[PDB]
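Top to bottom, those sequences are chains D, C and E.
Note that the first sequence covers residues 245 to 346 in the numbering used here.
Note that the second sequence covers residues 98 to 212 in the numbering used here.
Note that the third sequence covers residues 212 to 312 in the numbering used here.
Ideal placement from N, C-alpha and C gives every residue a C-beta, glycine not left out.
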Amino acid sequence: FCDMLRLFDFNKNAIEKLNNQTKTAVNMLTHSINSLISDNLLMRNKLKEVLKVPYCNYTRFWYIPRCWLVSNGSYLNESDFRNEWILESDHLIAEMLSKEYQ
Amino acid sequence: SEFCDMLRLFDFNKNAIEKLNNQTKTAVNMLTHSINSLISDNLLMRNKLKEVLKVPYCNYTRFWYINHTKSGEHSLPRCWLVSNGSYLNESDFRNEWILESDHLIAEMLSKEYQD
Amino acid sequence: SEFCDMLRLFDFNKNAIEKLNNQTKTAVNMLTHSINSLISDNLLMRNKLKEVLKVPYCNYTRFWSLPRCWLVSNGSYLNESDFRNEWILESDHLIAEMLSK
Ligand SMILES: *[C@@H]1O[C@H](CO)[C@@H](O[C@@H]2O[C@H](CO)[C@@H](O[C@@H]3O[C@H](CO[C@H]4O[C@H](CO[C@H]5O[C@H](CO)[C@@H](O)[C@H](O)[C@@H]5O)[C@@H](O)[C@H](O[C@H]5O[C@H](CO)[C@@H](O)[C@H](O)[C@@H]5O)[C@@H]4O)[C@@H](O)[C@H](O[C@H]4O[C@H](CO)[C@@H](O)[C@H](O)[C@@H]4O)[C@@H]3O)[C@H](O)[C@H]2NC(C)=O)[C@H](O)[C@H]1NC(C)=O
Ligand SMILES: *[C@@H]1O[C@H](CO)[C@@H](O[C@@H]2O[C@H](CO)[C@@H](O[C@@H]3O[C@H](CO[C@H]4O[C@H](CO[C@H]5O[C@H](CO)[C@@H](O)[C@H](O)[C@@H]5O)[C@@H](O)[C@H](O[C@H]5O[C@H](CO)[C@@H](O)[C@H](O)[C@@H]5O)[C@@H]4O)[C@@H](O)[C@H](O[C@H]4O[C@H](CO)[C@@H](O)[C@H](O)[C@@H]4O)[C@@H]3O)[C@H](O)[C@H]2NC(C)=O)[C@H](O)[C@H]1NC(C)=O
Ligand SMILES: *[C@@H]1O[C@H](CO)[C@@H](O[C@@H]2O[C@H](CO)[C@@H](O[C@@H]3O[C@H](CO[C@H]4O[C@H](CO[C@H]5O[C@H](CO)[C@@H](O)[C@H](O)[C@@H]5O)[C@@H](O)[C@H](O[C@H]5O[C@H](CO)[C@@H](O)[C@H](O)[C@@H]5O)[C@@H]4O)[C@@H](O)[C@H](O[C@H]4O[C@H](CO)[C@@H](O)[C@H](O)[C@@H]4O)[C@@H]3O)[C@H](O)[C@H]2NC(C)=O)[C@H](O)[C@H]1NC(C)=O
Ligand SMILES: *[C@@H]1O[C@H](CO)[C@@H](O[C@@H]2O[C@H](CO)[C@@H](O[C@@H]3O[C@H](CO)[C@@H](O)[C@H](O)[C@@H]3O)[C@H](O)[C@H]2NC(C)=O)[C@H](O)[C@H]1NC(C)=O
Ligand SMILES: *[C@@H]1O[C@H](CO)[C@@H](O[C@@H]2O[C@H](CO)[C@@H](O)[C@H](O)[C@H]2NC(C)=O)[C@H](O)[C@H]1NC(C)=O
Ligand SMILES: *[C@@H]1O[C@H](CO)[C@@H](O)[C@H](O)[C@H]1NC(C)=O
Ligand SMILES: *[C@@H]1O[C@H](CO)[C@@H](O)[C@H](O)[C@H]1NC(C)=O
Ligand SMILES: *[C@@H]1O[C@H](CO)[C@@H](O)[C@H](O)[C@H]1NC(C)=O
């Protein structure tokens, strides 16, 4: 019983570490991409005489370039990962340990 | 007894992995689409500032190395790395094991057979 | 019997996390490499347009839209994402031990 709780605990901790790693990775990538968006918009605004180029406005990636896709609405918001199940597993471990009243 | 509690613990872990898979898929796909939009705009810029096309494209050996140099790369501007071949395809996370876990739960419950 | 079935359930979860780790590493590394290529091309553009020399580089730190100052530099390149398999490796070692019982 104790060995099986340990196996569950390993899996649960491995998932936590992966969640942390993915959160760190995505947030690092998101911030880097946002910096590229900002610089690309800054370039566009300073080669203003080249703005014969229109903005796409409503169109997305239907077409599997003729207009700008990136706007000040393109910035990615930080991706905060939901640890709801991991937190419930932590609470379940505390409970599992309590039923031990023998 | 205790068997049912251990199935519940497995179920929590399985569901947590499923949610993380979904979250990572959503994140990657969102990032991919945003990066593809940046590629498109950068290519569109390049095509309209034809007086900047004294700049050559990376002679695939250069390009392969830049994508394989498992570091923060030297890169110091030399030729174009981004082409219409740089677009990222959507990321499809393979819930292979989670789907098999769901099928394993149905089996575990059947193997309670005992009369 | 039920012990062997519970080890199999743990094994499924452990392998599912493994596969996800592999997938995320592949995805992030692919994204990182693509973003690094965009950084390089954007810097290459900046270096070949002397008419944009007026544009300053950002005074880094905190306090971060309105167009002003370069954010991307040769210090912006992302390093490859090393996905540690610490727990998975320990689980693999624990399985070998469980089987010895
Ligand atoms: C991966 O997943 C796990 C699962 O949850 C996640 O969990 C983390 O677990 C670690 C282990 O403890 C947690 O670490 C703690 O973080 C505390 C947060 O403090 C922050 O803010 C501090 C404020 O600054 C002022 O106050 C501090 C004193 O509080 C003072 O020293 C400063 O000078 C300043 O006046 C800041 O200091 C702190 O920075 C760290 O480094 C400095 C450098 O020396 C040190 O002086 C600090 O004390 C601190 O260590 C940080 O930015 C932190 O306070 C805490 O430190 C004390 O308490 C812990 C116990 O709680 C003791 O073990 C430790 O020895 C210290 O006495 C400790 O560092 C972490 O917060 C958990 N995170 C979450 C989300 O729960 C991991 O983080 C995940 N990994 C990821 C995402 O990468
Ligand atoms: C990353 O991206 C995401 C994607 O959008 C982004 O999400 C947005 O987050 C912002 C907040 O940061 C959301 O907007 C805020 O909502 C606050 C909540 O107040 C609400 O209740 C008000 C009460 O009205 C009542 O009566 C009416 C009927 O008469 C009824 O319909 C209402 O439901 C309610 O019962 C309501 O008036 C108010 O309305 C605002 O928001 C709605 C959309 O939710 C919009 O349609 C309205 O036109 C109006 O803007 C709202 O429903 C609100 O207090 C807050 O206000 C800010 O601005 C005012 C000045 O305009 C300041 O005085 C105030 O202090 C706040 O600064 C703001 O509107 C927004 O809706 C989210 N987006 C979506 C799609 O939901 C994240 O934030 C991003 N991350 C960032 C930025 O870090
Ligand atoms: C980094 O990447 C870039 C990206 O491509 C790469 O650029 C290429 O550079 C190579 C040269 O190194 C280019 O190819 C060379 O072009 C030489 C020029 O000769 C031309 O004129 C010939 C005359 O024909 C006339 O009549 C015909 C109609 O009949 C008419 O169309 C012609 O325009 C012209 O009026 C013509 O025959 C010849 O054709 C070759 O090139 C074209 C493409 O330009 C191709 O479509 C043909 O099939 C044919 O290959 C050309 O237009 C040419 O002399 C040279 O030849 C080499 O090979 C022969 C043997 O086949 C050797 O005998 C000779 O000594 C040379 O070694 C070669 O073809 C290539 O076109 C560039 N790419 C592009 C898109 O333009 C850089 O080189 C890369 N950096 C590196 C490799 O370091
Ligand atoms: C991205 O990857 C590069 C590749 O290594 C990381 O660079 C490394 O950063 C460390 C941090 O200082 C350098 O260490 C230094 O070594 C000298 C040598 O004795 C020592 O005197 C210093 O006190 C320090 O220990 C390391 O040399 C350097 N390596 C290279 C090739 O640059 C970089 O930090 C990574 N960036 C990240 C993860 O954000
Ligand atoms: C993956 O994440 C998405 C993002 O919300 C979840 O979306 C929900 O999907 C359920 C399934 O029908 C809907 O009922 C909800 O209304 C959706 N929510 C939103 C905001 O769209 C999705 O369920 C997650 N995958 C899971 C839990 O398996
Ligand atoms: C993957 O993306 C590249 C980039 O353009 C594309 O050429 C290739 O066909 C894509 N693979 C697919 C859609 O299977
Ligand atoms: C990749 O997936 C396989 C499939 O189970 C797994 O055995 C292997 O350890 C994984 N590699 C990782 C997570 O680095
Ligand atoms: C950025 O490029 C310049 C140009 O030579 C170089 O001097 C500088 O050291 C580079 N930044 C690095 C290597 O971090």
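Verify the CB distance criterion: does residue i have a CB-CB separation below 8 Å to chain D?
i	result
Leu264(E)	no
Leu104(C)	no
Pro278(E)	yes
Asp138(C)	yes
How about residue i: is its Cβ closer than 7 Å to a heavy atom in ligand 8?
i	result
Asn290(E)	no
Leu173(C)	yes
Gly286(E)	yes
Taking residue i as the reference, which of the options has the closest Cα?
i	options	result
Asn118(C)	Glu170(C), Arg191(C) and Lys147(C)	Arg191(C)
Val239(E)	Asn164(C), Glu204(C) and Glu115(C)	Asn164(C)
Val266(E)	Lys256(D), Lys296(D) and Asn284(D)	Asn284(D)
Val314(D)	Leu135(C), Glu148(C) and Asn156(C)	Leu135(C)
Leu320(D)	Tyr157(C), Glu193(C), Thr129(C) and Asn181(C)	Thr129(C)
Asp199(C)	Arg143(C), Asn110(C), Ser183(C) and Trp177(C)	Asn110(C)
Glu187(C)	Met248(D), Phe305(D) and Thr266(D)	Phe305(D)
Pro278(E)	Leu291(D), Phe252(D), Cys311(D) and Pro309(D)	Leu291(D)
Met287(D)	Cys215(E), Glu301(E), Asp222(E) and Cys280(E)	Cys280(E)
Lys167(C)	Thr272(E), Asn258(E), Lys236(E) and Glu297(E)	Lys236(E)
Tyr162(C)	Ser245(E), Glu301(E), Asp222(E) and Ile228(E)	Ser245(E)
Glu297(E)	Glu339(D), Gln265(D) and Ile330(D)	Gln265(D)
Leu196(C)	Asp108(C), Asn156(C) and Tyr157(C)	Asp108(C)
What does DSSP give as the partner residues of residue i in its beta bridges?
i	result
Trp281(E)	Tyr268(E)
Under 7 Å from any heavy atom of ligand 1, does the C-beta of residue i make it?
i	result
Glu260(D)	yes
Spell out whether any CB of chain E is found under 8 Å from the CB atom of residue i.
i	result
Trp161(C)	no
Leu141(C)	no
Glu170(C)	yes
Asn156(C)	no
Compare the C-beta of residue i against all C-beta atoms of chain C and say whether one is closer than 8 Å.
i	result
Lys261(E)	no
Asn258(E)	yes
residue 360(E)	This structure cannot speak to residue 360(E), because chain E is shown only from 212 to 312.
Using 7 Å as the cut-off, classify the Cβ of residue i as near or not near the heavy atoms of ligand 7, replying yes or no.
i	result
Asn112(C)	no
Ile306(E)	no
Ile195(C)	no
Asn240(E)	no
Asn232(E)	yes
Can residue i be considered in contact with ligand 5, in the sense that its beta carbon sits closer than 7 Å to one or more heavy atoms?
i	result
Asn192(C)	no
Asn258(E)	no
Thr235(E)	no
Please determine whether the Cβ atom of residue i lies at a distance below 7 Å from any heavy atom of ligand 3.
i	result
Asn156(C)	yes
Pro298(D)	no
Would you say the beta carbon of residue i comes nearer than 7 Å to a heavy atom of ligand 4?
i	result
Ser168(C)	yes
Chain D contacts made by the stretch 182-209 of chain C, where a contact means CB separation under 9 Å: For the stretch 182-209 of chain C, which is checked against every Cβ of chain D, not one residue is closer than 9 Å.
Members of the stretch 110-121 of chain C that neighbour chain E once the beta carbon cut-off is set at 8 Å: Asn110, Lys111, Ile114, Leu117, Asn118 and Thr121
Selection of the stretch 121-135 of chain C by Cβ proximity to chain E, strictly under 8 Å: Result list: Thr121, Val125, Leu128, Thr129, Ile132 and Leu135.
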